[PDB]
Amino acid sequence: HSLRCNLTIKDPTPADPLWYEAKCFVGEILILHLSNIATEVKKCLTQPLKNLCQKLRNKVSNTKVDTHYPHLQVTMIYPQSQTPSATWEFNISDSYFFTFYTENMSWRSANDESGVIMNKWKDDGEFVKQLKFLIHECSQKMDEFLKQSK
């Protein structure tokens, strides 16, 4: 399989003060688990993912929603390079869906309402750079690790 990181951004509550969680898998094996509450790849990914979760929180704070438990889920999918590329899938509250492909810096929305939010988000040059840059920064170590799994 690929290396997959599932990020969740949500509102903390007295019952659960978690506002972000990150779980990176290779197949069934959990390889990294982060929250506000494999060594070399864990090391490479940790701060960039934490930094990205902070940025995503800010993006969520500025997004106009309309649904009848707000939450952002982001899935990063990195295949073994064998030029390194990834897919970033965004799901805002099970309502808006769009995808960024780092390979050609291209985007796809599920519908026009998702496209409006997507277009606002991708206007943020820093945000888009973080998505592309994380891949280049950790590509080699991700490849190396995926080699171990074989």
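Position 1 is the first residue in the sequence shown; the rest follow in order.
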Indicate whether the chain is continuous between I37 and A38 or, if not, how many deposited residues are absent from the coordinates: none, 1 to 3, 4 to 9, or 10 or more.
10 or more
Can you tell me whether 7-15 has a higher mean C-alpha B factor than 137-145 in this record, or the other way round?
137-145
Using only the Cα atoms and their B-factors as the entry lists them, report which of 98-106 and 50-58 averages higher.
50-58
Residue set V116, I92, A86, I29, per-entry CA B-factor max assigned to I29
